[PDB]
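Reviewing the structure listed below.
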Amino acid sequence: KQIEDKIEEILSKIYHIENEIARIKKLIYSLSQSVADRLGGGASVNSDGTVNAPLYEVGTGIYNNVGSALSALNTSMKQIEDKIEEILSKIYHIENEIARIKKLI
Amino acid sequence: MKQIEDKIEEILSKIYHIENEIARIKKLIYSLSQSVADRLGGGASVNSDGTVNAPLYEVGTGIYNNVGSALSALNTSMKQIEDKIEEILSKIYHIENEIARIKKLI
Amino acid sequence: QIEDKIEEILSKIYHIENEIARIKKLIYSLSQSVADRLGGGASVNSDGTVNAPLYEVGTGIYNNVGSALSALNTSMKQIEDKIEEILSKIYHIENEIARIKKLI
């Protein structure tokens with residue numbers, strides 16, 4: 001009689017815990033999908049809740065993670081900065097040659 | 001019977017422990033979400049539903065809600081810059097050749 | 001039959017403990033996949049969270065994607081500024097060259 005009230009409580013709890021477990025699994029997968037969405041690049045969700053590879057294009061390179069794409073951008077930017085540095089130096093020299101010519105003619 | 005009363009109390013205690021563990025797991029998921037928001041940056045944050053709210057990444061005059069589109073905008077911008085540099089190198093080529101010719105005539 | 005009901009309860013609890021262990025594994029697996037997608041040395045923390053990446057842009061050091069993107073955006077703007085300057089310098093150089101050619 002009274003022991004039975006306890007058994008029914010326990011079974012009720014187990015039922016609700018099983019619901020909580022199913023809800024937690026759904027939450028995890030929803031989090032996974034949100035991560036795939038904010039990574040972009042075609043990243044998607046596997047059945048094990050992991051996020052599979054995006055395809056990020058930088059120049060003629062393809063990359064499966066943000067760091068490698070950022071690094072490819074960074075390298076290209078540095079090459080451009082170097083070239084800009086060279087151009088600016090060349091233009092300085094050209095200005096000097098013109099100033100010299102203008103003086104002498 | 002005492003022994004079954006006592007077993008049932010132990011089971012109820014086990015259930016309480018399990019409920020505590022489920023609560024801890026939920027907190028773990030939300031802490032993971034927060035860390036992902038932090039690592040994405042761009043003002044990303046955790047939704048009440050545990051998902052990560054979109055970042056806002058600026059590239060030039062665009063705003064982007066995901067890393068791939070932002071990388072793509074940067075890659076385009078970079079190509080545009082490279083093409084402008086090429087044009088500049090051509091202008092310099094011709095200017096240098098003019099200056100060499102002027103130097104002949106003086 | 002109370003002992004049978006207890007047996008059934010303990011069985012359901014066994015399964016729940018298994019699903020909890022499975023759930024923890026899922027969380028740490030997701031975290032690892034996020035670390036892999038971020039790159040930059042990001043890793044899974046003992047506590048389940050993603051330890052920060054390290055991204056280099058220019059002379060700088062960044063621990064999140066947005067800051068690195070912003071640093072790249074700003075470097076591009078700075079380059080555009082230098083292009084502005086170069087075009088202006090070219091404008092003036094060409095004008096001076098044209099004037100010299102009228103005078104020699």
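Ligands are numbered from 1 in the order shown, residues from 1 within each chain, and chains are lettered A, B, ... in the order they appear in the structure tokens.
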
Neighbours of residue 93 of chain C within 9 Å (only C-alpha atoms; same-chain residues fewer than 5 positions away dropped), as an NGL selection string? (:A and (91 or 94-95 or 98)) or (:B and (95)) or (:C and (88 or 98))

Close residues, residue 18 of chain A itself excluded, 12 Å, only C-alpha atoms, min 2 positions apart in chain, as a PyMOL selection string: (chain A and resi 11-16+20-25) or (chain B and resi 15+18-19+22) or (chain C and resi 12-20)

Report as an NGL selection string the set of chain C residues whose atoms approach chain A to within 6 Å, with distances computed over only C-alpha atoms. :C and (30 or 33 or 37-40 or 57)

Extract the full set of helix (DSSP H, G or I) residues from chain A according to DSSP on the backbone, and format it as an NGL selection string. :A and (2-39 or 66-104)

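In this structure, atom CA of residue 61 of chain A sits 26.9 Å away from atom CA of residue 90 of chain B.
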
Give one line per residue of chain C that approaches chain B to at most 10 Å, naming the two atoms of the closest pair and their distance in Å to one decimal, counting only C-alpha atoms; sort by chain then ascending residue number and deliver it as a tab-separated table.
```
residue	atom	partner	partner_atom	distance
C:2	CA	B:4	CA	8.6
C:3	CA	B:4	CA	8.2
C:6	CA	B:8	CA	8.0
C:9	CA	B:11	CA	8.6
C:10	CA	B:11	CA	8.0
C:13	CA	B:15	CA	8.1
C:16	CA	B:18	CA	8.5
C:17	CA	B:18	CA	7.9
C:20	CA	B:22	CA	7.6
C:23	CA	B:25	CA	8.4
C:24	CA	B:25	CA	7.4
C:27	CA	B:29	CA	7.1
C:28	CA	B:32	CA	9.2
C:30	CA	B:32	CA	9.2
C:31	CA	B:32	CA	7.2
C:34	CA	B:36	CA	7.7
C:35	CA	B:36	CA	9.0
C:38	CA	B:39	CA	8.1
C:42	CA	B:39	CA	9.1
C:44	CA	B:32	CA	9.8
C:45	CA	B:32	CA	9.7
C:47	CA	B:28	CA	7.7
C:48	CA	B:32	CA	6.3
C:49	CA	B:32	CA	4.5
C:50	CA	B:35	CA	5.8
C:51	CA	B:35	CA	7.7
C:52	CA	B:39	CA	6.0
C:53	CA	B:39	CA	7.3
C:54	CA	B:39	CA	10.0
C:62	CA	B:39	CA	10.0
C:63	CA	B:39	CA	6.8
C:64	CA	B:39	CA	4.4
C:65	CA	B:40	CA	4.9
C:66	CA	B:42	CA	4.6
C:67	CA	B:41	CA	6.7
C:68	CA	B:41	CA	9.2
C:69	CA	B:57	CA	7.2
C:70	CA	B:58	CA	6.9
C:72	CA	B:74	CA	7.7
C:73	CA	B:59	CA	5.7
C:74	CA	B:59	CA	8.8
C:76	CA	B:78	CA	7.4
C:77	CA	B:60	CA	8.0
C:79	CA	B:81	CA	8.1
C:80	CA	B:81	CA	7.5
C:83	CA	B:85	CA	7.9
C:86	CA	B:88	CA	8.3
C:87	CA	B:88	CA	8.0
C:90	CA	B:91	CA	8.1
C:93	CA	B:95	CA	8.4
C:94	CA	B:95	CA	7.5
C:97	CA	B:99	CA	7.6
C:98	CA	B:98	CA	9.8
C:100	CA	B:102	CA	8.3
C:101	CA	B:102	CA	7.4
C:104	CA	B:106	CA	7.2
```

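One distance worth recording is that between atom CA of residue 93 of chain A and atom CA of residue 83 of chain B, which is 23.4 Å.
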
Return as CSV the residues of chain A lying at most 6 Å from chain B, together with the closest atom-to-atom pair for each and the distance in Å to one decimal, counting only C-alpha atoms, with rows in chain order and ascending residue number.
```
residue,atom,partner,partner_atom,distance
A:31,CA,B:51,CA,4.6
A:34,CA,B:51,CA,5.7
A:38,CA,B:66,CA,4.3
A:39,CA,B:67,CA,4.9
A:40,CA,B:68,CA,4.7
A:41,CA,B:68,CA,4.6
A:58,CA,B:75,CA,5.7
```

Residue subset to file, keeping N, CA and C atoms, as a short mmCIF file (atom, residue, chain, number, x, y, z; two decimals), in the first residue's frame:
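Saved result, part-v3.cif, follows:
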```
data_model
loop_
_atom_site.label_atom_id
_atom_site.label_comp_id
_atom_site.auth_asym_id
_atom_site.auth_seq_id
_atom_site.Cartn_x
_atom_site.Cartn_y
_atom_site.Cartn_z
N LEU A 31 22.33 23.24 -30.92
CA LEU A 31 23.59 24.01 -30.70
C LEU A 31 24.51 23.70 -31.91
N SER A 34 23.49 25.52 -34.96
CA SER A 34 23.75 26.95 -34.86
C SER A 34 25.25 27.18 -35.13
N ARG A 38 26.85 29.52 -38.09
CA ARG A 38 27.70 30.69 -37.91
C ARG A 38 29.10 30.47 -38.53
N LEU A 39 29.53 29.23 -38.73
CA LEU A 39 30.76 28.97 -39.49
C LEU A 39 30.59 29.19 -40.98
N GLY A 40 29.40 28.90 -41.48
CA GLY A 40 29.16 29.00 -42.88
C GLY A 40 30.01 28.06 -43.73
N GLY A 41 30.22 28.46 -44.99
CA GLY A 41 31.05 27.72 -45.87
C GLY A 41 30.52 26.32 -46.22
N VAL A 58 40.33 30.98 -50.44
CA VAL A 58 41.21 32.17 -50.35
C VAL A 58 42.23 32.08 -51.47
#
```

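Atom CA of residue 11 of chain C sits 22.8 Å away from atom CA of residue 26 of chain C.
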